[PDB]
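A single chain, nothing else alongside it, follows as structure tokens in the form deposited in one PDB entry.
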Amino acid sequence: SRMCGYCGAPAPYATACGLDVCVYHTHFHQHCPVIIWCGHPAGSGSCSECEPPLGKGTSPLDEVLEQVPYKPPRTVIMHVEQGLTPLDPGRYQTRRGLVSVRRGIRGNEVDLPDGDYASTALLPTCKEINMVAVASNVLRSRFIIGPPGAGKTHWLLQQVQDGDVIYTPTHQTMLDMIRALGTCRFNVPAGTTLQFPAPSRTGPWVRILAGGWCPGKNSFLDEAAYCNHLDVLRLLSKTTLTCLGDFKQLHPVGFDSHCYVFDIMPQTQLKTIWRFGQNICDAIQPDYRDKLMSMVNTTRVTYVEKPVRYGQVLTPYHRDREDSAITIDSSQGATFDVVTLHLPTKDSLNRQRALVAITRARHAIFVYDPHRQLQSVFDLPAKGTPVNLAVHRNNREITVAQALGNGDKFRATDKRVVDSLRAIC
């Protein structure tokens, strides 16, 4: 019950490179010989049965295999007695057809009678490959395209977990990943010219790509555009991947080689946000295609029990404006350090007004929401920050307490020009 490597179908034959093939696909693998029913390679013309010529490849696999050179294995005798041979487990082509030798209790078992058999082993090249699984698993994968000034390390540190595997193409990129992560598990590859640190006992695995499928929970692909195409197909035969790449640019001819699967794979462009924290980005994410990544610190969100006038007051309706308060609609285009979302009247928020209101604040947003109406339009949890805020000249502490001027403990945050000038005293 062996399935074809290209299509699903039953596979009584195999390539020299270890790919199982159905009878149809025996004639569309130009990479290496595939021995057929007549005992010669398909398309060889060795007898009249193998005269029918080879066709062009029917799979992207064939295209990647154009760079994977086939070196013939040595012809060695498989001595057999009572279904036992000293040769290593594997799959061998003999005069009696393709035979498997499997390790067992008594020994390495083989299903053919006693004698000595000239035999050539199948290579491991396409052992793991299954293109129907690739096609399947490519749809359930993400290709995360980075931004111009990449904080993809920052993105990746927030994403990984202890049981994850991060595949990475070269020794240097493995060393880069091990450095970016603090604690991680790995095996230092033999023959390296690099100073690897000692591997920790916990954290995400950091495997070299050529090593292949190490079972784990969520697998990642570091430097996806630089990776070995066949090794990517190896991975996609067993698991789905989160593939991490840099920002696209129209390169010249020859300057872009990358595995074809990424151009099929579901894509997600990252966008850098310098305006407000990740918590705000999370809340507004449903309004935008691109994944919003915050470089700057967390924006404070406080739900106040009574009305307040911290920073620029925003409110849906003109009826509720008091003092220097402004409507949400008229605040479009503007930007402040601190904002007070003032919601004294029921059913006064759609998303579009909330979206504007939430995206005006740089450092803090206080929300008087006695009707609990922001819930029905937005997911914006309470989020403290250990910082001394400054706004017109009062100053709110880390626990939102109107503190004294020069009551020192935490650091102070304030990007407004006139505010920063009056903080010098």
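Heads up, when I say rigid core I mean the largest set of C-alphas that superpose within 1.5 Å between the two forms. For every residue, the number given is its place in the sequence shown, counted from 1. Only residues modelled in both forms are compared.
The modelled chain breaks after residue 392 and resumes at residue 393, leaving 4 to 9 residues of the deposited sequence without coordinates.
Between 81-89 and 253-261, the higher mean Cα B-factor belongs to 81-89. Stretches compared: 142-150, 234-242. Higher mean C-alpha B-factor in the entry: 142-150. For the set 328, 224, 123, 157, the maximum C-alpha B-factor listed in the entry falls on 157. Among 161, 315, 119, 136, the highest C-alpha B-factor recorded in the PDB entry belongs to 161. Sort the chain's modelled residues by C-alpha temperature factor and residue 384 lands in the highest third, per the entry. Among the modelled residues of the chain, residue 169 sits in the lowest third by CA temperature factor in this PDB entry. Per the PDB record, residue ranking by Cα B-factor puts residue 63 in the lowest third of the chain. Among all modelled residues in this chain, the alpha-carbon of residue 229 has a temperature factor (C-alpha) in the lowest third. Among the modelled residues of its chain, residue 401 has a C-alpha B-factor that falls in the highest third according to the deposited record.
Keep in mind that the form deposited in another entry is not shown, yet the notes after this line are about it.
Looking at CA displacements between the shown form and the other one with the core superposed, a shift of 2 Å or more is confined, among 375, 399, 48, 67, to 399. Once both forms are fitted on their core, a CA shift of 2 Å or more is seen for residue 410 between the shown form and the other one. Relative to this form, the distance between the C-alpha atoms of residue 357 and residue 412 is reduced by at least 3 angstroms in the other entry. Between this form and the other one, the CA-CA gap for residue 304 and residue 402 widens by 3 Å or more, being larger in the other entry.
Once both forms are overlaid on their core, the sole residue range between the shown form and the other one with Cα shifts reaching 2 Å in three or more consecutive positions is 393-421.
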